[PDB]
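Everything on this sheet refers to the single structure shown next.
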Amino acid sequence: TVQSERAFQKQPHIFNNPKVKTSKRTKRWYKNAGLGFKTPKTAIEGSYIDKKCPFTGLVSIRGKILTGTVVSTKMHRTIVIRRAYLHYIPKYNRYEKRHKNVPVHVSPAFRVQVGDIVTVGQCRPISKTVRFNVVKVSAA
Amino acid sequence: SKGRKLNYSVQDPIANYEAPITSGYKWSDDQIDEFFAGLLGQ
Amino acid sequence: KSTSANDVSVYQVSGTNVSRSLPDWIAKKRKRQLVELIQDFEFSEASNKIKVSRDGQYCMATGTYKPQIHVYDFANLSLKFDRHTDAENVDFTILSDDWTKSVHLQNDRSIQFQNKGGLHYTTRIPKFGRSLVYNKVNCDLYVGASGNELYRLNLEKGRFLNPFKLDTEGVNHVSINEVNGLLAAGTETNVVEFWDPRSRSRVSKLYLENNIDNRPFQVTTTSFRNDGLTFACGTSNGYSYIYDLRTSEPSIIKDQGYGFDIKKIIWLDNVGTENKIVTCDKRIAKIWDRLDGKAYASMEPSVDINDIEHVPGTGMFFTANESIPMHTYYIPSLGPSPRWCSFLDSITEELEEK
Amino acid sequence: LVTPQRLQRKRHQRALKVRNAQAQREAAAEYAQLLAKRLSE
Amino acid sequence: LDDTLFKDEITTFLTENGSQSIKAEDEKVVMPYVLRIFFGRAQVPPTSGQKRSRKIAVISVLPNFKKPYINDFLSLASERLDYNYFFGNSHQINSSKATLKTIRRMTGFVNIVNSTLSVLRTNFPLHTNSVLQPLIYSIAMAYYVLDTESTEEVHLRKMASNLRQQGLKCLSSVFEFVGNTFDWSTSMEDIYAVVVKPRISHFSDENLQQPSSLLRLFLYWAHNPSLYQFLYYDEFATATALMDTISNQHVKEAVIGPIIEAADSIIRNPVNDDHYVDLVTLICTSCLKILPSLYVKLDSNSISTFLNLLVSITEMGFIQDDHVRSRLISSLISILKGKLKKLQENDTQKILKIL
Amino acid sequence: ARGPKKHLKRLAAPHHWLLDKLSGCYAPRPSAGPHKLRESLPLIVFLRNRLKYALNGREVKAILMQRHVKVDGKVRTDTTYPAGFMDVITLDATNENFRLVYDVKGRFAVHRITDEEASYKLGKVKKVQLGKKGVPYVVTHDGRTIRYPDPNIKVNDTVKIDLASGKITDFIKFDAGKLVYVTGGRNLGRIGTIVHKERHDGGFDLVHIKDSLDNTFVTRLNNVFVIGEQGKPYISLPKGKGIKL
Amino acid sequence: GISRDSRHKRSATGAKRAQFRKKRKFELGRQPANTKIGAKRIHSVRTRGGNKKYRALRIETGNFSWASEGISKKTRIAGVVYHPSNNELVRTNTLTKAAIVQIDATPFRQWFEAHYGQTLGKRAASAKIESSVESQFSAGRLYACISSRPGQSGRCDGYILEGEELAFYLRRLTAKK
RNA sequence: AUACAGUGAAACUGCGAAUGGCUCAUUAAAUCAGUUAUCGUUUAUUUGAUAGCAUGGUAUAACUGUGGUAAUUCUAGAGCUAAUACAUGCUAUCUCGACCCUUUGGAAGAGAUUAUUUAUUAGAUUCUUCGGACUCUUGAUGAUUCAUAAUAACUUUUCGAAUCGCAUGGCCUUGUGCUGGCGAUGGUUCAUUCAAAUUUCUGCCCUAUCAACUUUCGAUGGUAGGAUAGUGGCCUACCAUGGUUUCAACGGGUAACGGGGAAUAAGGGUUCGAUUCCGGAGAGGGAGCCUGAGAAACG
């Protein structure tokens, strides 16, 4: 469904003139994110409208690129990913088993499930808790 | 939701804001009750 | 400072000296680059609503640009003070006789509390606010919201007892009568309900009626008269019914004005008779007598009016509007000037010898 | 009061206007010539 | 008369079918003074962006109401102007007035009429006492100051040249905007005299590098069937001027293309009157002149439509003899030397129809 | 702090000004000007602590008000003018030109120069862009932006400019195997040959440099200032020539 | 005053913060400029930098553009018909970005009649306008969408709803009334 | 020196007064220390680029004189006059160039000729005179709806020198005709500088005689809107229930400002960290406004 809300979901400033009778009647815009990442076919030719999509929305990726594992997918277009690493602790000459859970916006183009390993990039702040946007999923 | 919920919650300052007040009735309600009865229903 | 009608002498003591189509901001810049009675009697953006304090010495008004309140004192004849709030306040009443406590239905779907010492805390209302009235024999702020709810707030409990039910999508005007302490609610679906406190029951429901063009009304005035027995309803076609207390027949049946909605009906206690003010967005305010039901006078400020009040003594009609000066009218034909502008009778002599 | 010094200042201002116009014109013309010879070569 | 509220007070009260609109008899009694104040509000110069925004406001003011307000406005404009010198004489001026004030009045007239033309493209009327008389007065006085005075008054000669060019382009615009609503035969002889004085004499050497308004006007003459009366009024003066432009080889392909468009139109348009046959034989001389062209002089649209001109020549056959058939096989070897990769199979089939 | 700061404590000065600690308590704040702040050298500390031509700030002010000390052909009159890297300071009665250039120890230093080398200047072309009427321009490091450059100039170039008028004399591209100057980093002040140029994605473009005593080290392209070609440095170096022992 | 920061909110680990400092000026929040239909009344504000930001509290005239033909004309406003913020604001006529409005049609009628000669309603291949907007032309009032921010510039410039968005919002209109 | 020119009180005007200085009550990622972004924004000044009427108006301070009053840095009446005050208003070049000509070119003609707000486009990935010719398929990053360019509109709406100092020249129809030196302030845009704003990853004192929490008044996001310089549950309208976890969350104790330091035992590392550097917060109470590039100032 492409019109699931009371506002006409469309990207800004794109205009398909009804004066020409072209076959491809819906014009879609995307962009090459680069950074050693690929623009997937479902993103570049899907029928979804997003602003926080890293490939079709108006948010660029810049800064730090992180890795995580999918824990819970029970919020729209956003997934919390879990960072697992070891801790610098001085007292007893060893590490400590620690973890960090990072809420990350996801585009609906990628297909995701619990436990997938994902690489993400920093993006400009969208909401109170989200700071990152995914750039590549990988199944496991 | 955000502020669209009516829940009967207790408020601190407004309970002692201005209450109580006067019984400024112009009548004794003994005629006004049967006046309600003898309103436009009858 | 002029006169509109011919047989009767009316007086706009403060108002735009330019009549129409030459806008007020360019007019004031032009005339300041090329006599008022109260110091700084203007807002220079707009104004919403007026309620004179019960003492008859404070004039509280709400205006729009950086939405604020002008508190004037008739003793000082200037701003007692000014105070900015967040959003454009729509409905307000001063709870006490002095201005020390004020409540206001605020357009951001909330209720706010203006005070002497400051500003007590805002409280949200679950639906969009339509009309708030203060019951003053049982301490109640009750507000008809957007649609089917009329929420209720007691000043001893602080909680909400129960929202009253009005089975329409709009709550266009609410009033309370204290001579007989009943609740009145008029809705633009040609429906008017009357409610009963101390027992929590609706007692009356009426007032389907059509105009000449067969259109539904929009009742914007649900008031009553000084006796607390006969009521007055008024809607968008310049249409004024004055009903009695318990009959289906209106006592007075009048049509006037235009398709522009009338905004306020108010009573006046003359020396021998009862009179009526209709105020309409036909930029008009007509002054009837109720026995004849006759427009004895009429005032045209040439620019629209959003609210009217009459001073409790005699003579003065405050009017809150969208213009630069909040404007007020003097009527010699009901009584003299009040105790504090006591030279306006001599200014009346001046305009008559002019 | 209108002075010959003021007329001197005014014609000096007009002279500076036409002078900077001429300088911009020569700069644009020489850049066009440079780009033309670079593109032909 | 006020300034800072102008365009919005216009779009409030003076718009018909709006609030506080002026009634019909009130329009009848107050509109002349409205014409005068809007004459001032058009006489305003657009030296700034806000000033030209108010000029675009007045150009949106004019074409809404009706015809007779604007017609009386143009008659008052001509009254500030005059044509009674040139039309109390035949084409003479008794008191020569080449003053900058006079030509400035003419230029302001040109500005206001081209503005109302551009905003009222189709529904504008042509009041005869307000367009032909002052426009030919303007361009005639332009030619008068062109030939009488020397090059000393460079201000006057420069503004005269701009006035003349604006006169050509506004005459072209009004002709292409009305088409054939009415017969111009009242002063058609006089406007054709103004046509035949400079243009057939010196049309090819001057207007050859880029397409001109005069050439577009003569294209419209050939395009619409009623505008042949100049050609049938003289001994084909504009036709031989067109032939001279075609014969000159320094003329650009973008100039010569629309000439052959008009040539296809005038060959396609039949009329059973005098001189039409000698006219189309002069267009056969134009075929003789286009014979070396199209590949050493003259563009996919161009080569397509000129080939269509050859196909139309074949289908109607207004030219038949062995002379034009040898010229046809010469044009055939030329156009078959010409390329085919940028062409369409249907156009090749039309080549086969010619063959 | 509420707004911008406008003073500079003595100990908080950059270390390579060699300002002593026991003269007062403050240090001069360099003006708003062409070059940077934290890596510059003001005229006041130039004419007092560097050249010993004056004793007090009042005498430096009297000198600059007599207008002798031209800078880049133009006359300065203010005391806290922030001279930086590759600058021209022109003393007309002491008959000297000075290229303010770096040394190996990191300290800014003078170089006595005659007019045939004062008349030009090497600037690190840093940011090329376009502007009004579609015209191109190029932004150097010293606040000098040149509209209408030669289109063969790219990002991270070196341009030699006229000083009197302001036209570009010529330009030098960024090729591996040239003579470069290192501006930042730990080992700023050395010259050698750049052997190659690796690239990162969104990171620092690190460069290896071999110096003429044939030793390798690592710098960064943000620090690299291209000076010239093999055996032909376009400016006269100070003695030491990037050989540190 | 109205603060724009976030330290008055709870944290992300189920925790409330403390007051960090007093509200500094560089995070200001002001009154929304809920513009109503009326005679044009705009206020000027001097904001950060030398910025002159204008808040229209009443506006009478808006600019609207045809995207299909590609023109633009200044025109009055009949009034709001739909806004996806709140239906009560649609009722109380709050002119806002991304709202639906009814506009008069006689200036575009004058434009089409002047440029074409064919009166709308009742170069035809260049005159084939949509049937819904031609019915709105014959009625005298067309539909449009407004998306100029009211309280950042004090202007109302939008585009006349053409086929796709016009059809979606006409379906929304018919589902509303 | 018969307009002033030297000297200069007062007053108007411009600029600054948000720098500096002082104390430690608070707060355990709140600031902070390191690192990064601004492809998420704003900046007076500096510096450098950058714009094709022989001069109009008033309205006043300063100042003279009448005053009331008990009076503060109290005012009123009456009489003057200036601006960088305030408000206003004006002034020929390029493209193709036939033709004449060869050098060096003009010469009629056809054409074009600052700031906003919206909408639409572009900016895309073989032959040899072995002596010689082409006879074919913007910049930017890791990327930007980018800079930029264009059209049509649009605006309660703009600067596009009505200034000032020294000297006084060049030409000649010797008119006071027309030019011309050095430099002080102003004005748009862009860059630079100085800053301000939010931010990415890690690092905090003790505690389970403290295992459960936000879920309302947003606590998690999305759709959409207003708010400033800008993203943003910043807040608001609809929907779902999201996240912390003994990997101790949450709050509870520090007479704890933090960072750097200093003393200290020959050693694990321990006590001030008040000092003299960098950051952080603050000066009747509370609320609301003010000017400015810059404040929630301490005025």
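In the structure tokens, chains take the letters A, B, ... in the order shown, each chain's residues start at 1, and ligands count up from 1 in the order shown.
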Do you have, as CSV, the list of residues of chain H lying at most 10 Å from chain D, each with its nearest atom pair and that distance in Å to one decimal, counting only C-alpha atoms (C1' of nucleotides) and ordered by chain then number?
residue,atom,partner,partner_atom,distance
H:51,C1',D:17,CA,8.9
H:52,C1',D:18,CA,7.0
H:54,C1',D:2,CA,6.2
H:55,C1',D:2,CA,6.9
H:161,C1',D:13,CA,8.5
H:163,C1',D:6,CA,9.9
H:179,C1',D:11,CA,8.8
H:180,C1',D:12,CA,8.5
Please check the contacts: residues of chain H at most 12 Å away from chain F, using only C-alpha atoms (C1' of nucleotides), listed as a PyMOL selection string. chain H and resi 18-20+36-37+43-50+114+138-143+146-150+189-196+276-281+293-297
If we count only C-alpha atoms (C1' of nucleotides), which residues of chain H reach to within 9 Å of chain B? Please list them as a PyMOL selection string. chain H and resi 216-218+236
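The spacing separating CA of residue 242 in chain C from CA of residue 23 in chain B amounts to 29.0 Å.
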Would you mind listing, for every residue of chain A within 12 Å of chain F, the two atoms forming the shortest contact and the distance between them in Å to one decimal, using only C-alpha atoms, sorted by chain and ascending residue number, as a Markdown table?
| residue | atom | partner | partner_atom | distance |
| --- | --- | --- | --- | --- |
| A:34 | CA | F:201 | CA | 9.6 |
| A:35 | CA | F:201 | CA | 6.6 |
| A:36 | CA | F:201 | CA | 8.3 |
| A:37 | CA | F:201 | CA | 11.5 |
| A:61 | CA | F:202 | CA | 10.8 |
| A:62 | CA | F:202 | CA | 8.2 |
| A:63 | CA | F:202 | CA | 7.9 |
| A:64 | CA | F:202 | CA | 9.8 |
| A:65 | CA | F:202 | CA | 10.9 |
Selected residues written out with N, CA, C and O atoms, as an mmCIF file, in the first residue's frame:
data_model
loop_
_atom_site.group_PDB
_atom_site.id
_atom_site.type_symbol
_atom_site.label_atom_id
_atom_site.label_comp_id
_atom_site.auth_asym_id
_atom_site.auth_seq_id
_atom_site.Cartn_x
_atom_site.Cartn_y
_atom_site.Cartn_z
ATOM 1 N N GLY A 34 27.284 4.990 -2.197
ATOM 2 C CA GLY A 34 28.725 4.810 -2.265
ATOM 3 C C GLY A 34 29.258 4.224 -0.974
ATOM 4 O O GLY A 34 28.666 3.299 -0.405
ATOM 5 N N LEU A 35 30.393 4.764 -0.510
ATOM 6 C CA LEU A 35 31.064 4.357 0.728
ATOM 7 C C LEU A 35 31.399 2.866 0.748
ATOM 8 O O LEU A 35 31.496 2.254 1.816
ATOM 9 N N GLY A 36 31.589 2.266 -0.420
ATOM 10 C CA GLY A 36 31.767 0.831 -0.494
ATOM 11 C C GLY A 36 30.490 0.051 -0.282
ATOM 12 O O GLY A 36 30.530 -1.066 0.245
ATOM 13 N N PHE A 37 29.350 0.612 -0.677
ATOM 14 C CA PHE A 37 28.070 -0.061 -0.531
ATOM 15 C C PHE A 37 27.305 0.033 -1.842
ATOM 16 O O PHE A 37 27.567 0.901 -2.678
ATOM 17 N N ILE A 61 24.495 9.611 4.454
ATOM 18 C CA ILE A 61 25.293 8.920 5.455
ATOM 19 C C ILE A 61 26.658 9.582 5.533
ATOM 20 O O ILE A 61 27.274 9.889 4.506
ATOM 21 N N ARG A 62 27.131 9.813 6.754
ATOM 22 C CA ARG A 62 28.464 10.357 6.964
ATOM 23 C C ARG A 62 28.902 10.009 8.376
ATOM 24 O O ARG A 62 28.071 9.766 9.253
ATOM 25 N N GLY A 63 30.214 9.967 8.580
ATOM 26 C CA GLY A 63 30.747 9.713 9.904
ATOM 27 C C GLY A 63 31.091 8.266 10.181
ATOM 28 O O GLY A 63 31.772 7.618 9.383
ATOM 29 N N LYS A 64 30.620 7.747 11.313
ATOM 30 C CA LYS A 64 31.024 6.426 11.777
ATOM 31 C C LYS A 64 30.126 5.335 11.203
ATOM 32 O O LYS A 64 28.904 5.496 11.123
ATOM 33 N N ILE A 65 30.738 4.215 10.829
ATOM 34 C CA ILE A 65 30.031 3.047 10.316
ATOM 35 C C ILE A 65 30.171 1.924 11.334
ATOM 36 O O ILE A 65 31.288 1.572 11.731
#
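Taking CA of residue 12 in chain B and CA of residue 144 in chain C as the two end points, the separation is 23.7 Å.
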Residues of chain G in strand (DSSP E), written as a ChimeraX atom specification: /G:2-3,28-29,36-37,41-47,51-59,61-66,71-76,79-82,99-104,141-146,157-159
Can you tell me, as an NGL selection string, what residues are no more than 10 Å from residue 219 in chain C when counting only C-alpha atoms (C1' of nucleotides), ignoring any on the same chain fewer than 5 positions away? :C and (171-173 or 185-192 or 233-237 or 239-240 or 261-263)
Residues of chain G near chain F: apply a cut-off of 12 Å, count only C-alpha atoms, and supply the list as a PyMOL selection string. chain G and resi 24-26
Write a file of the just-selected residues containing N, CA and C atoms, as a compact mmCIF listing (two decimals), in the first residue's frame.
# COMPACT_ATOMS: atom_id res chain seq x y z
N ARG G 24 18.87 29.23 27.94
CA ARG G 24 19.63 30.20 27.18
C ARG G 24 18.83 30.70 25.99
N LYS G 25 19.22 31.86 25.47
CA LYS G 25 18.47 32.50 24.41
C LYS G 25 18.61 31.78 23.08
N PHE G 26 19.67 31.01 22.88
CA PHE G 26 19.92 30.47 21.56
C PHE G 26 19.14 29.18 21.29
Proximal residues of chain H relative to chain A (only C-alpha atoms (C1' of nucleotides); 6 Å) as number ranges by chain: H: 39, 142-143, 221-222, 232, 247
May I ask you to extract the residues of chain H within 8 Å of chain E, using only C-alpha atoms (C1' of nucleotides), and to give them as a ChimeraX atom specification? /H:96-99,108-110,156
Determine, for each residue of chain C having at least one atom at most 7 Å from an atom of chain H, the closest pair of atoms and their separation in Å to one decimal, counting only C-alpha atoms (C1' of nucleotides); order by chain and ascending number, as a tab-separated table.
residue	atom	partner	partner_atom	distance
C:83	CA	H:288	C1'	5.6
C:84	CA	H:288	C1'	6.1
C:118	CA	H:287	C1'	5.7
Write the selection just made, keeping C-alpha atoms, as a PDB file, in the first residue's frame?
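File written: selection_31.pdb
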ATOM      1  CA  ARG C  83       1.206  39.826  29.906  1.00  0.00           C
ATOM      2  CA  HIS C  84       2.238  37.413  27.147  1.00  0.00           C
ATOM      3  CA  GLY C 118       1.757  34.730  38.302  1.00  0.00           C
TER       4      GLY C 118
END
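The environment of residue 325 in chain C within 10 Å, counting only C-alpha atoms (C1' of nucleotides) and disregarding residues fewer than 5 places along the same chain, consists of residues 14, 15, 16, 24, 40, 41, 42, 43, 44, 45, 46, 47, 319 and 320 of chain C.
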